[PDB]
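Letters A, B, C, D, E, F and G mark the chains as written, and numbering starts fresh at 1 in each.
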Amino acid sequence: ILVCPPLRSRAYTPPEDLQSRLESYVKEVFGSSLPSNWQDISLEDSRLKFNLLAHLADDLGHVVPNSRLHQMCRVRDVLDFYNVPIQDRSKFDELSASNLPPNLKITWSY
Amino acid sequence: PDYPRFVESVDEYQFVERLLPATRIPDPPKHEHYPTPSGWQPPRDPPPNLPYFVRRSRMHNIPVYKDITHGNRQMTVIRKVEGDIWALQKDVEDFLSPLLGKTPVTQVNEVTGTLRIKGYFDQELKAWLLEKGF
Amino acid sequence: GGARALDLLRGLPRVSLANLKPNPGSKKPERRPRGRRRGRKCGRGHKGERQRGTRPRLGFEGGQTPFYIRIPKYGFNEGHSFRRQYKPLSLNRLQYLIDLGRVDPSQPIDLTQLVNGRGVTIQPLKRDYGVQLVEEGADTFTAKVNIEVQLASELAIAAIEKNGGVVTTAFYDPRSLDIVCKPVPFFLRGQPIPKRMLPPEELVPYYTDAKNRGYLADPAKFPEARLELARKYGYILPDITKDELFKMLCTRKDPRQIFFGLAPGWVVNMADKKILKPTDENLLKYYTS
Amino acid sequence: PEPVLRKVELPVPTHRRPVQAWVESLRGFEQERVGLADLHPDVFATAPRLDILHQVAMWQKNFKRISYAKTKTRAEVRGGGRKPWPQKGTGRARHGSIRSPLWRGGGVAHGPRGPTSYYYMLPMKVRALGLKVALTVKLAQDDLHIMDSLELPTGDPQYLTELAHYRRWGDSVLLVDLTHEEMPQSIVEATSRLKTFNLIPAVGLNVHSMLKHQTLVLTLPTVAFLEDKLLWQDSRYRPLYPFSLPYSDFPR
Amino acid sequence: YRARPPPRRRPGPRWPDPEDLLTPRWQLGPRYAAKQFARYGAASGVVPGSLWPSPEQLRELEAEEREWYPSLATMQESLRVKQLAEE
Amino acid sequence: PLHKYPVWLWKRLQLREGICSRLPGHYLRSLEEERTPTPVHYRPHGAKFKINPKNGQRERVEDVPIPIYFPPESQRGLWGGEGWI
Amino acid sequence: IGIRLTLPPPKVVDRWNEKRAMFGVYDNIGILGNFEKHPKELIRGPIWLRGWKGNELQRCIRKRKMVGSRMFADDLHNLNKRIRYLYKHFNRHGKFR
């Protein structure tokens, strides 16, 4: 019987070595023959873009959605996307984490 | 019931095939010289690098039309506009300012991607868009 | 533009059936006789025929002889349902179709080809008898065509023959016109192809005259008319015999024939892609007459 | 192991570029990113028309409605032929029948007169543009998922429910297959025992169902079929006779 | 749930029973048989020889055509006579 | 509600069951025969198409029979098709 | 008076039953099926009301024309009287002429 893996969290934290890892993956996929202006390398080839994005998703846990796949045409766009962080905290947790004055109380009946 | 003798043949069905009409609008045949004697000119390939783009109709014609309301209000409508319709409006106003002596009155419908202008300037707008290559 | 709209839509709640509204300005409010503004008399005035809903018919002037009766009768629309009509086919539009490729000039051009290319709209039920080739845009028309119409003007014929081609005026009865305009519906009726009826006695002189390029005129008189038109309009008649398209230009159907390459009495299947030809002597005699 | 790469068969306009979507598989929980598919911008990236979506949804709701409500008028209510009392001298109100709407048990002045039909038809181009806009909205809001096939390892609906929960497909999922006869038996059995997971053929795709279901799932043949059907409208001629009748280049 | 099979147009020729009184006459006339043959080819089970008119119908059509359609020579002669009278 | 067979077909339906079903076929065909009577009190046009003098156009013309009432006394005599008008 | 003193029983609507789940399916049958069938052919109801719309007078005329022979005597008489009344109202009464 196949067992469903636990639901992955949507939270994302951009790694400090993100640029180096992205450059390494670009060298692996597109080849290390021409690494000049790697951030300007086009992603026109469907196979190459699929390989790069799949490797990045497997490495970092974050995958580019369909609504943003069409925007990805150069490595710089992917770098900016992975630099953009993502949070997954609930609304009540966000309100509690935000600095609340001592006279403000919030209760969550849901 | 006696019936007349009939001969079945398949060679003559080519005429029926010729008579059969099609559904897809045929592409315009290539012409050595442009514009054509009827006055039609194909869109420029590649499309011009402008913030906005104007798409040809299904008949391969400029989507500039005229409209009349109340029997006295005459308007010109540019349709199938993709991109910066505000930039298109600015360009149209700049183009039509010398002709009218004042800033033209225009409405921009961004949901439908249409530009409406007070007055009849259909031929002038068609020539302008053809020159631009849309 | 579209990309910006899609980007805005991405960061918005999912589109469902609980957040749909009509386009503003497309739904006028409905007025009902309720309230102070629209109640009481309810927009009907005071006592009278107008408020009680029983007022004279349209055109009644209150007893005075009406304007639509006091004018003497004259013959304007008398016999309108029996007047034959012809849709105009301008040379500008014909050149437009040829340039766009909707009507190829390398084959004979007639009502079937025009309808297939959506150049004309023929309504046999509205007393239409075909297309008249008007002379609009004759100066700029430059196309070698073999055009078949029902009426043709002298200027249009001159333009066609100057550019090089054959223009012929043919007649169709209403039934033949319907069949030639929409052959596909006819072949689904399971009926043999009928014969093209002769023109009426009032139209025989038009189609038996060489000056009108009639399809029942003497072939030997065509060159005289063509040369006369060329002399009148100041162009040289081009000898089409030396042209490679001579057979296509001279391809003319029989006056008793509806479709090119098809004879009356044949039945098309359009399912087995086969044509059945009768061999009975009486049927052959009737159809070849 | 090889990626599933899908390209657009129909000619994309020169001034636009095809959009891109992931191609996943239903054979495993983590079998995402099996390939990449290119989608025609005029179908999956057209302008968002919420007004057109509303028009198409209202048309679907109202065009096949038949209202059977009916009431009896004073001419149909039983009795009431005679005058209840003389016109003058009684000292009471003057009446002509006992089945008048003013009377208890009488007729209805302006009641429903069913059966009533609310039939009307939007233009074919508008009805196709509604589907185009719905697909584009789903793609833009990331409610659309493309699959190589709908085959499941088992017919247990709980597996599909757990897979949807794992992949965050929301409460309602609408699976679309190319043909009804060739639907996999595993997915058929999985969907037959579920309520919020509905399997329909490509012919049955509609704006109402797409809006009702939070997530839409399409196959590659379904995407090709939809692209062809929706882009045929943008280039078809005006009809001379119904398209069910033979044409030179139709169907296909 | 799974949707019901899509509604498909009824395949094959239809031959309503002539014995039933509720069967419409246009579904029993020979024109119906001709239309079915034209639409469905030879699978309709209709003899193609019946499409062409019977000898009686042919004679009736010939008589009507002779009565209400003058020949070209007759029309030309009548036109000539009328022109001579007017002149 | 509605009937399945229309009212005018009820007599034909009754002629298909019961005692009427067992009647000989030739008599049933004779009853079903509805040949138009020879015109007596009206003059038929004699032609299917006629030219209308008002517009000079060919029009289809029909010969509508004149209703004829046959008194019961006529059933014991030979009136040759004549009857009260 | 005239208003209930107790709350009515709660009303539960099964938003995901078969009918509501499959509502609207096959609406684009002609568009997505080579126009073999028209969407109006899926409408079920009275024979005289199938892909047709009109006012009350037109509906009555259509019903009398199509199923008038099959109607009951009283129903047919009421339909005839209704048609007469509607004719008089729509051709002899009103505000706009």
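Keep in mind that, in the parts below, contacts are C-beta pairs under 8 Å (C-beta built on N, C-alpha and C of every residue); 3 or more make two chains touch, one makes a residue touch a chain.
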Problem set entry | Reaching chain D from chain A through chains that touch each other, fewest steps | 1
Problem set entry | Most widely separated chain from chain C, with each centre as the mean of CA atoms | A
For this session: Express in whole angstrom the distance between the two chain centres, defined as the mean CA positions of chain D and chain E.
Result: 42
Exercise. In whole angstrom, how far does the Cα centroid of chain E sit from the Cα centroid of chain G?
Worked result: 37
Exercise. If you average the CA atoms of chain B and of chain E, how many Å lie between those two points?
Worked result: 44
Exercise. Which residues does chain G have that touch at least 2 chains other than itself?
Worked result: 21-22, 25-26, 29, 33, 36, 42
Seminar exercise, completed: Touching at least 2 other chains, the residues of chain C are 2, 6, 10, 115-116, 184, 187-188, 267, 270, 276, 278, 280, 283
Seminar exercise, completed: Within chain D, the set of residues that touch 2 or more other chains is 45, 47, 51, 140-142, 195, 198, 200, 203-204, 208, 212, 237, 240, 243, 246-247, 250
Problem set entry | In the complex, chain E residues that touch chain G | 1, 3-4, 6-9
Exercise. For the complex, which residues does chain B have touching chain D?
Worked result: 17, 20-25, 45-47, 53, 55, 58, 82, 111, 113
Seminar exercise, completed: Touching chain E in the complex, chain F uses residues 4-5, 9, 12-13, 49, 58
Problem set entry | For the chain G and chain F complex, residues of the former touching the latter | 67, 69-72
Exercise. Taking the complex as given, what residues does chain F use to touch chain C?
Worked result: 55, 57
